[PDB]
Amino acid sequence: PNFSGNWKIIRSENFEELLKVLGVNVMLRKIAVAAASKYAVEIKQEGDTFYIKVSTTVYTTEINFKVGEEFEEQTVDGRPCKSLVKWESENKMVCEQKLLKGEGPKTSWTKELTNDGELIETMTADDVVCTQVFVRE
Ligand SMILES: *C\C=C(C)/C=C/C=C(C)/C=C/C1=C(C)CCCC1(C)C
């Protein structure tokens with residue numbers, strides 16, 4: 001479908017609770033929550049190949065992958081992982097991650113296009129699910 005677009009966050013839920021699972025201390029969590037209110041996602045999708053640029057006010061990175069082929073990225077708290085994206089439905093993809101070194105919570109993310117034109121991203125650490133909602137800019 002059409003994940004392609006420039007997406008601006010309109011809602012962020014449970015992000016602090018996710019970072020807490022990930023071991024981030026309280027005051028860095030609060031500043032990161034503030035940073036998540038400026039979270040923007042730029043997506044270019046060509047077939048099952050995705051170019052995704054995620055950014056806040058002072059930081060930007062790119063995540064490029066093809067559905068079904070392993071790649072390397074980082075968890076949201078910054079630890080390197082191996083990742084594999086698969087479709088779950090026409091408009092939703094799920095990414096499973098595996099830490100490259102050491103241990104830690106089981107992390108994953110998802111992206112979904114709703115039939116209202118919203119992008120819904122979730123991020124998971126063990127038990128805790130962060131949900132962020134975007135609209136096209
Ligand atoms: C939606 C798909 C992918 C691959 C996105 C991954 C996004 C992140 C690891 C984003 C982290 C951020 C959050 C949620 C808010 C503060 C700072 C970032 C923008 C880096």
Side-chain angles (χ1 to χ4, degrees), residues 1-68 70-114 116-126 128-136:
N2 38 4
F3 284 98
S4 289
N6 304 284
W7 299 94
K8 71 170 222 94
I9 195 152
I10 58 157
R11 177 161 60 257
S12 189
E13 295 185 275
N14 258 274
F15 187 44
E16 177 167 7
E17 289 82 344
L18 181 92
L19 296 177
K20 192 183 193 192
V21 170
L22 296 167
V24 181
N25 285 334
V26 48
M27 97 100 230
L28 294 164
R29 305 196 296 262
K30 300 303 185 178
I31 296 184
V33 169
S37 69
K38 317 285 179 149
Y39 185 22
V41 181
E42 164 173 22
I43 299 184
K44 203 230 281 213
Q45 174 190 7
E46 305 171 341
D48 69 346
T49 290
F50 285 83
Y51 307 94
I52 304 185
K53 188 165 84 197
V54 294
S55 75
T56 48
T57 299
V58 309
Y59 194 90
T60 187
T61 36
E62 297 184 344
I63 294 123
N64 304 321
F65 62 83
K66 165 183 188 265
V67 175
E70 177 170 297
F71 62 106
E72 182 178 330
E73 50 165 348
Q74 275 116 301
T75 60
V76 65
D77 67 311
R79 299 170 293 210
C81 62
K82 83 99 188 154
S83 285
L84 183 65
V85 173
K86 310 188 181 190
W87 298 103
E88 190 192 285
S89 76
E90 169 172 0
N91 300 313
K92 182 171 170 168
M93 70 193 76
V94 180
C95 183
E96 298 293 335
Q97 305 175 319
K98 193 83 221 173
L99 273 179
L100 281 190
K101 303 172 122 181
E103 251 317 280
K106 177 81 187 149
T107 56
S108 63
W109 55 259
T110 71
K111 269 162 162 36
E112 187 191 332
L113 260 195
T114 77
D116 311 310
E118 295 188 340
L119 178 72
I120 300 179
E121 163 201 277
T122 73
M123 308 184 95
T124 296
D126 289 323
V128 168
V129 177
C130 176
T131 301
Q132 298 186 300
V133 183
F134 305 78
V135 297
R136 298 183 176 285

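FYI, side chains are in, hydrogens and waters are out, and symmetry mates aren't considered; it's all heavy atoms of this structure. For the single chain, residues carry numbers from 1 onward in sequence order. One-based numbering, in listed order, for ligands and for the atoms of each.
Considering all non-hydrogen atoms of both residues, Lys111 and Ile43 come closest at CE-CD1, 3.9 Å. Here the closest heavy-atom approach between residue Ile63 and residue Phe71 is recorded as CG2-CE1, 3.7 Å.
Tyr39 OH, 3.1 Å is the protein heavy atom nearest to atom 7 (C) of ligand 1. At the top of the distance list for atom 13 (C) of ligand 1, counting protein heavy atoms only, stands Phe15 CZ, 4.1 Å. Looking only at protein heavy atoms, the nearest one to atom 3 (C) of ligand 1 is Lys111 NZ, 3.6 Å. For atom 9 (C) of ligand 1, the closest heavy atom belonging to the protein is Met123 CE, 3.7 Å. The closest protein non-hydrogen atom to atom 14 (C) of ligand 1 is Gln132 OE1, 3.5 Å.
One option in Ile63, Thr56, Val54, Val76 has a heavy atom closer to atom 18 (C) of ligand 1 than any other, and that option is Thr56.
Distance check: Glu121 CD to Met93 CE gives 11.0 Å after rounding to the nearest 0.5 Å.
We find that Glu72 and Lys82 are not joined by a salt bridge, their nearest charged nitrogen and carboxylate oxygen being 4.0 Å or further apart. For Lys44 and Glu42, the salt-bridge test fails: no basic side-chain N is under 4.0 Å from an acidic carboxylate O. A salt bridge does not link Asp126 with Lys106: every distance from a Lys NZ or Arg NE/NH1/NH2 to an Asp or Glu carboxylate oxygen is 4.0 Å or more.
Contacts between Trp109 and ligand 1, counted as non-hydrogen atom pairs separated by less than 4.0 Å, involve the side chain only.
Checking atom 1 (C) of ligand 1 against the protein gives a heavy-atom contact under 4.0 Å.
Aromatic ring pairs are classed by plane angle as parallel below 30°, tilted from 30° to 60° and perpendicular above 60°; the pair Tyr39 and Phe134 is perpendicular.
Counting atoms of ligand 1 from 1 in the listed order, those under 4.0 Å from a heavy atom of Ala36 are 15 (C).
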